[PDB]
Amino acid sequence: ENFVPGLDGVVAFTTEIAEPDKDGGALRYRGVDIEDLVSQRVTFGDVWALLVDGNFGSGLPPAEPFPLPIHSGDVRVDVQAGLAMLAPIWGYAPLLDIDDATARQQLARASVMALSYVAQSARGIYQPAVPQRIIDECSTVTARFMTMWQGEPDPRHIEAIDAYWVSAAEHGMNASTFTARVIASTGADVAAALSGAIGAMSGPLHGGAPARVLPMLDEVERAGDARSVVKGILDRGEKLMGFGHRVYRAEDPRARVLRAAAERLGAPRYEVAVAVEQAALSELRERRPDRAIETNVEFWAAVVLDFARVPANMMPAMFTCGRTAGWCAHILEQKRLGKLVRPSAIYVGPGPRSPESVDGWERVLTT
């Protein structure tokens, strides 16, 4: 045939959660535009429920002690280990044996746990502990996350994460969302599908993740000229971080949302980041005038996150926290779909042969 492996272009599901309108240049969560959500200052906790429940009203459960005091230096792996313990310790049941109401609670309870792991891991070990009453009296999950980590966080930094987390909560059917849907289609508990989605996310070729643009942003601040360093990186064989082929029809809606939030909150590195964007776009469009080149949302995601005191290696964990909303939305939708996800494969390998015909059969020990 002329088929493409990996089901490229093959329609697998039917969704009511969100529509990434690439032709129209807008992202809508259950019909509500994300530009409207960040502008009216809707916190990530509410957007989590809008994607999962299809409407507002419900929030997220409080923080609770860790199910396993794990700490290995890899926060992605720590959350997966804790997610495993949810069935024996917290009693998580398979999706087939619980109603939609129980599945929604365990998804929110697991979402809160993943954020508690990330916030605690960022606060230093020898730092004074944040009292539990200060944590439990926070208005939003975003505030609770920042207070558990920073103790007394800047309000402008809380708004930055709220802007980033709702602009990355859900973006269609990628590898991580597909993995959670396949595992949930088996009837396993929600922690197993969440642990599988996190494993798919750890792959470098999965997709979105804040770009490693800080060593370049620092270089522009020191040298002063952005055009020269942008020209240098492309001439010395290295690729340019945060800029490539287009994703939407034109500018990514999430790209302007995170740049407008950076200017609105007063990010110190905003002017350099804009100077970098202009030099990169002018240079990439000058060398390949046939390619459609737009700024990646991962470029301004790194700018916004770094403005909120987020280190580079913690940024991928920041994306995982926001994507819990999209993962839990598609897991519950798959549960209500009630259809196993099994494709097929065609065999092109060797035909029937005897065991003695196989290469290396003389080294096998039998009986």
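Numbering starts at 1 and follows the sequence shown.
- Taking the PDB entry as given, 1-9 carries the higher mean Cα B factor of the two stretches 358-366 and 1-9.
- The mean C-alpha temperature factor is higher for 284-292 when 270-278 and 284-292 are set side by side.
- Comparing the listed residues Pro67, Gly54, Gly322, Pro61, the entry records the largest Cα B-factor for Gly54.
- If you compare the C-alpha temperature factors of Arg254, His245, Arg109, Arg181 in the entry, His245 comes out highest.
- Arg30: CA B factor in the lowest third of modelled residues in this chain (values from the PDB entry).
- Split the chain's modelled residues into thirds by C-alpha temperature factor. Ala302 is in the middle one.
- Among all modelled residues in this chain, the alpha-carbon of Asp154 has a temperature factor (C-alpha) in the middle third.
- Ranked by Cα temperature factor within the chain, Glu170 sits in the lowest third according to the deposited record.
- The deposited CA B-factor of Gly24 belongs to the middle third of values across its chain.
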